[PDB]
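In structure tokens, one chain follows: the form deposited in one PDB entry.
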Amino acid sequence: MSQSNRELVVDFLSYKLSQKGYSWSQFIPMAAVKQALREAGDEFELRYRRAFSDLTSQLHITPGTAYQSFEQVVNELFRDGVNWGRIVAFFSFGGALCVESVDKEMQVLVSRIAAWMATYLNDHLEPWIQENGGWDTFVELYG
């Protein structure tokens, strides 16, 4: 559902902001899906520690930035189509964006970024997720 996904997005971003020393006040959601995603994102960031610096540069978010700009930049993660690792990269990218906004004194955008991510997932990623076993296979697969 669209609500499960919005909740999942908020949990990841809150977890990531909290984990880095930031505030999370600016704000399938099974506890298992959320824990698996929390850990998958940490593992991903273990290997890739550049925080999508160029992707974020490409986006260059301000309060004037439109969803479609976000969408175009995130589309780059999926040039070769969707996969579980790329969906984990997507969540991680949103986390990075949220950190940059707080750093730029634009805490106002973290809730915007969250809405955007929820809209992107429901629109572009859920089609592949449902086709590939749903968040259940994600959990079966990860942690």
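Here, rigid core means the biggest group of C-alpha atoms that superpose within 1.5 Å across both forms. Heads up: residue numbers just count along the shown sequence, starting at 1.
What comes next is about the form deposited with a partner chain bound, which is not displayed.
Proximity of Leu59, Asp80 and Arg86 to the partner chain in the deposited bound form is complete: all three residues have a non-hydrogen atom within 4.5 angstroms.
Taking the partner from the other structure, the partner chain in the deposited bound form has no heavy atom within 4.5 Å of any heavy atom of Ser111. With a 4.5 Å cutoff on heavy atoms, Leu55 counts as touching the partner chain in the deposited bound form.
For the chain shown alone, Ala51 is a contact residue for the partner chain in the deposited bound form, at least one non-hydrogen atom being within 4.5 angstroms. Looking at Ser69, you'd find a heavy atom of it within 4.5 angstroms of the partner chain in the deposited bound form. For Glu105, a C-alpha deviation below 2 angstroms is recorded between this form and the one not shown after rigid-core alignment. When the rigid core is held fixed, the Cα atom of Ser69 travels 2 angstroms or more between this form and the one not shown. The Cα position of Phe52 differs by 2 Å or more between this form and the one not shown after fitting on the rigid core. Look at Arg6 and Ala51: in the deposited bound form their Cα atoms move 3 Å or more farther apart than in this form. In the deposited bound form, the CA atoms of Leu97 and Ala66 come closer by at least 3 angstroms compared with the shown structure.
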